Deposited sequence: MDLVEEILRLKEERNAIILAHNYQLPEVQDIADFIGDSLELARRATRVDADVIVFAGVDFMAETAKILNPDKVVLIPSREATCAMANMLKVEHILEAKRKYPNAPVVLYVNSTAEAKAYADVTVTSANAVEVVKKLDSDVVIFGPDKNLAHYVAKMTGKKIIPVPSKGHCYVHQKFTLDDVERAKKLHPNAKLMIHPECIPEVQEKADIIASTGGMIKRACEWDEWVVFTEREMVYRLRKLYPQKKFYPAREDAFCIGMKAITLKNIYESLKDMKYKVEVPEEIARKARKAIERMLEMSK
């Protein structure tokens, strides 16, 4: 059958929109109504203009879209440590990376993505911030904001990369360990990488390999080398079709939890 044509018919029949993350397969990105990083996706999902959202991304972000649209259908194609940290730091605000459970977000004062972690944390009064669960992003934030660190790819790849592409600059994700972050020409979320790619003609990409295809698509003239070229490698176009055909893998979040996480996420967007 023709998957593209079937998905197009079902999108209309179900009154659905397809949102894709930057790491999705080219075939999935090609069928999406919008592609972006977590922040860009949260914004697009706000007050969504459809009855159904097919979210081609990780489970925790599909939950974010659901939390933001409690009365809409969200389909995905495929805790104690916080309270303890809070008891030791009663006045410190809790900042949770979107890469976390909805339940965890319920304990957060505000959430962050890789693109806005620095901005949001700098706007928090407290000089001490509880931040989790990604330790590497926590280090990046600590270094960029100068606040207290209340947490809750290797150098060989960098060298091999420089050896093969001497004139290429490096795009490194804040999720990479500190050592690598230090060697970066630019540190950014996938959304940031796309925005700043115009700053050079050749780039070595330190993030998921699928991002290379996204960048080549947006900048056909530039050269994008994956961090580990020789390394061999997911939601498929067929999964997208089946998702719409069977309305499956509905994403749900208990009201109590959802209400609290929603306050943290909507605050993130305002900040």
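Asks: In sequence order, which parts of the deposited sequence are missing C-alpha coordinates?
Replies: Model skips 79 to 90, 165 to 175, 257 to 260, 299 to 300 of the deposited chain.
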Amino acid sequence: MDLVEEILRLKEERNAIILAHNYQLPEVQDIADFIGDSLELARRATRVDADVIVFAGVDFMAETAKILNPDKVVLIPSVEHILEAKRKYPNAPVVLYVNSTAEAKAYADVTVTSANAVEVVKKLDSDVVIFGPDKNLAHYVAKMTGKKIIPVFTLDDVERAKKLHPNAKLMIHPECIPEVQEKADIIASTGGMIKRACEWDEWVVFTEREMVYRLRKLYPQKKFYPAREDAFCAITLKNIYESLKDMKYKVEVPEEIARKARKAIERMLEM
From here on, numbers count along this sequence of modelled residues.
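Take the two forms, superpose them, and find the largest set of C-alpha atoms that agree within 1.5 Å; that set is the rigid core.
Asks: In 7 other deposited structures of this protein, superposed on the rigid core, which stretch sits farther off in Cα RMS terms, 113 to 121 or 132 to 140?
Replies: Most displaced of the pair in 7 other deposited structures of this protein: 113 to 121.
Asks: Line up the rigid core: which moves more in 7 other deposited structures of this protein, 56 to 64 or 42 to 50, by C-alpha RMS?
Replies: Comparing 42 to 50 with 56 to 64, the one that moves more in 7 other deposited structures of this protein is 42 to 50.
Asks: On average, are the C-alpha B-factors higher in 52 to 60 or in 36 to 44?
Replies: Higher mean C-alpha B-factor: 52 to 60.
Asks: Could you check the entry and say whether 188 to 196 or 160 to 168 has the higher mean CA B-factor?
Replies: Mean CA B-factor is higher for 160 to 168.
Asks: Using the temperature factors in the entry, find which of 120, 76, 115, 128 has the highest value at its Cα atom.
Replies: Comparing C-alpha B-factors across 120, 76, 115, 128, the top value belongs to 128.
Asks: Taking the Cα B-factors listed in the entry, which of 242, 210, 229, 27 comes out highest?
Replies: Going by the entry's C-alpha B-factors, 229 comes out highest.
Asks: Going by the entry, which third of its chain does the Cα temperature factor of residue 17 land in?
Replies: For residue 17, whose C-alpha B-factor we compare with every modelled residue in the chain, the answer is the lowest third.
Asks: What third of the chain does residue 264 rank in for C-alpha temperature factor, lowest, middle or highest?
Replies: Lowest third.
Asks: Quick check for you: using the entry's CA B-factors within this chain, is residue 110 in the lowest, middle or highest third?
Replies: Bottom third by C-alpha B-factor.
Asks: For residue 173, does the deposited CA B-factor place it in the lowest, middle or highest third of the chain?
Replies: Lowest third, going by the recorded CA B-factors of the chain.
Asks: If you rank every modelled residue in this chain by C-alpha B factor, which third holds residue 235: lowest, middle or highest?
Replies: Ranked within chain, residue 235 CA B lands in the middle tercile.
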